[PDB]
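We give structure tokens for two forms of one protein chain below, kept apart as structure 1 and structure 2.
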Structure 1
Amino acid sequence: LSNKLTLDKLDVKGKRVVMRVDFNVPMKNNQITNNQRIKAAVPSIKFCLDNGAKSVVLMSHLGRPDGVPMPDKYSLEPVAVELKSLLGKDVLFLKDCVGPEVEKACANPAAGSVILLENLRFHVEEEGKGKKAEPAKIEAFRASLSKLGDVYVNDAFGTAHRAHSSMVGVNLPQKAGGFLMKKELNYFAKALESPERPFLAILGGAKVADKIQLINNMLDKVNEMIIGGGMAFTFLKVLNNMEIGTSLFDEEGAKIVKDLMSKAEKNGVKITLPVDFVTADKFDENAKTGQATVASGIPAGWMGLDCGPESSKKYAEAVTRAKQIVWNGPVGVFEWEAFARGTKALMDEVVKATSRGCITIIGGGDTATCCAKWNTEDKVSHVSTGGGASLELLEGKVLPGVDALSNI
């Protein structure tokens, strides 16, 4: 951020601040399971208010509603309630993010107003595709967001990899990175400069279509990679002709698996895949469960929702060899206890590693919730609010949300 405008150099006195944040917080039974991402934005929000901002208008997405309004499942309303306790100020929650009446509400608010807009992704123009969007409308969407502030701050580190309207398309003459964006980028700048070696990446989770496309570049930076969670099944099917049942599978990524493995071998990156699994007869917390190995396959209609004990042992071995680890993506559906064991065991290994001097970086909306859940946040080196975003830094990329900031 050395030659970008940052919030500490932005005169906010008397100005309306429109601020992109990543409030894409994990949810369960309609409740926030982890407020980490919300707390992370507080220092930027408090700075603005203490320095005389007229208002702070917060905007974020939540989940992947893909351009349809879905307040029943994906409203940011519960975040507004949560933001209130963290700030010690009230926050006006609006039921849309654009335009006429949202614009009226943000036009000239009372001094010190904090306002939270509804889920950006209820409009197709944020991404702007979903379930296919028109440029003229994309332009209008962006103009509307731009009206909501006099100056713009992006503190959405967790979303910085996304060139979406709210992240790269706000037209104000001052576009500054917030304090969370700064802290996260500075930390990674340091950690990624000359990583300790062996440098292990651990990649799991459920965003297979996306994160499988990050491995190619990551293979030029790391010495080992665990590929677990939902990611593993695409690899195992292509390499070992493993039956995977209805486990997560990416058709596109399946096509590049052999290329990735060739590059890994060429670059001397040891790939550790799982060898066994906890299976489930359906995608439900209370599914009937089973056990499978790669050799046995996962039966018809069942899905692998955790790795098994032999996989945990292989994972622990890779972690024992590491002097630096970057972990994004739980290695099972850890939100459900029947499938939490693999992620819990890896966490124990990562904490042990930290205690003997391994530099351990855990990132992502869901992966950082693993830390909250098992109370390891102070027991690893760094818990980042970015998952995908952190993996794109490891790739060596400039993040679109940082790139779109004003130059000093």
Structure 2
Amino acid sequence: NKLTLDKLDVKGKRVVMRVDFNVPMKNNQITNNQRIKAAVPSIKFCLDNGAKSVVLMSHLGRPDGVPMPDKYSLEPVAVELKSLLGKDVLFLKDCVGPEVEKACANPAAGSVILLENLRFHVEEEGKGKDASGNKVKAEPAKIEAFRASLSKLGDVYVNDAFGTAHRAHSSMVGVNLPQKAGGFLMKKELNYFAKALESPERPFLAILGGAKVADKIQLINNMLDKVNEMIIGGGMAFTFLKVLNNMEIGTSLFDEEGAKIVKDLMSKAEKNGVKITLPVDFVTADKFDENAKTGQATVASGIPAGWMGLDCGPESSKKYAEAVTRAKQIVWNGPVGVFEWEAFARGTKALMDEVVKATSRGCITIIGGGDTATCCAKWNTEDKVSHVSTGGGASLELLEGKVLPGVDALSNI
């Protein structure tokens, strides 16, 4: 279909490799390195297979096309990468231009080079904001030059940046080398998602959680065409409960736009035979705070208002468990409560326990990136589910049935 790294001859070749090293940070300290580790297999393969160089490029955060070295440098990533790889990483303070080109022209065999944040240049995204905060547009000649420069850095191109595969950015689709190969991470991610979406083992359970409904309509709709069961949890559930069940939800999140289509979505489900599991009980809070006073409510009792519901309750966890038990395949995108806070994490943790249990008995368990992946780190379960995705937005696009420009741009095999 598409050329992949396993099929690519890299011996004695400089490999310029787009990766997603857009890792969570604080005070320029990396807080989850999951994205970095995820790329190691492609990098090692290249090295073990005689690549002259591997030049790594990524964005970090949204500097919006202006240099932000004290907020968004990849320098910390170069440090973490050397540790993961047990090899030196040469960090360049830029990604394009004559000095970087000189550095990458003919490196000593086995050289690993990490470029500075691609997004310090407006050319990468093709638009951005000026240093005064005004929206600005990249210029075509400059974009071409930007792409040309990156292109100079390797003989062959590999994209392992699954997390960025939804972005038609210069580094992702604009590289002007004839051989453009998907990396092992890109391959792995797509395989699990394809199987899940094209050819699932059944029953196929989707667990969708999150705050709002409006932004998930395509996703729910598409998933309803694929799955056998769906759990809808988190903040989004209140919209369904209020509309469908007449529930009193207090101050819990309510999506007015979403409420308009909830019925239509449930109709599709019924028509398709998809069993919907909504929460039946809740952990309530008197305010939206980590340390709020908490209570308990049922759909029938209502949320006494305007208290808000911030986790599912024990009976919900039981129904969720029952669904998990039924499943031979699961895709989980979204926590079922405010997992960030211990008083409202219980539902999420229990579900994680169930998902882990399912994996141990052969359930194919796919965790969407973003918050759900974060939970995997938090509770140390990355090696206990089948797949923890590195791409939240990207994975969501696939789940919505969308094409990834980063994949499309690869060479055909």
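Residues that one form lacks are left out of the comparison. Numbers given to residues start at 1 and step along the sequence of structure 1. We call the rigid core whatever largest set of C-alpha positions still superposes within 1.5 Å between the two forms.
Core-superposed comparison between the two structures: the Cα of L49 travels less than 2 Å. Superposition of the core reveals a Cα shift of less than 2 Å for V151 between the two structures.
A rigid-body turn of 29° separates the smaller part from the larger between the two structures. Aligning the rigid core leaves the CA of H382 displaced by 3.0 Å between the two structures. Overlaying the rigid core between the two structures leaves the Cα of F188 displaced by 0.5 angstrom. Comparing between the two structures on a rigid core frame, one finds that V398 has its C-alpha moved by 1.7 Å. The rigid-core fit between the two structures yields the following 3+ residue runs with every Cα displaced by 2 Å or more: 193-371, 373-382.
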